[PDB]
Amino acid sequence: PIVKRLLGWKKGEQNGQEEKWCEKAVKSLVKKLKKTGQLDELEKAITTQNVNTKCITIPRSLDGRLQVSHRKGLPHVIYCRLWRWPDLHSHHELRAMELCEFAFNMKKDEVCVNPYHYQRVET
């Protein structure tokens, strides 16, 4: 369904339990977005690659990490790495685009995980 499709745009790089984990990671995002009705703005953004899409938002946690499968990480890094930069090392190689209100660095209650609202800085 939506998951298999979204996965289509860069299933998951790394040999092994990684493809399965990438699937789990898409599943979490999709489950949460359904609840808030943003699954389609996600669908648009990944496919059309339109930087000026609405902010696809997920709730933040005290420490700001997200756990999928076992694996703990920053929301926006997990997804920019999934659909844009599989090379992405950390949240330092990233920076929002002013047009993102909930751009993580703003410590808001929601976090924009729309991969097209961040640009990768080579520092």
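Note that residue numbering begins at 1 and tracks the sequence as displayed.
- Stretches 10-18 and 111-119 differ in mean CA B factor, with 10-18 having the higher one.
- Look at the C-alpha B-factors of 72-80 and of 34-42. On average they run higher in 34-42.
- Listed residues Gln67, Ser28, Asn52, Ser90 were ranked by CA B-factor as deposited; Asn52 comes out on top.
- When the modelled residues of the chain are ordered by their C-alpha B factor, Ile58 lands in the middle third.
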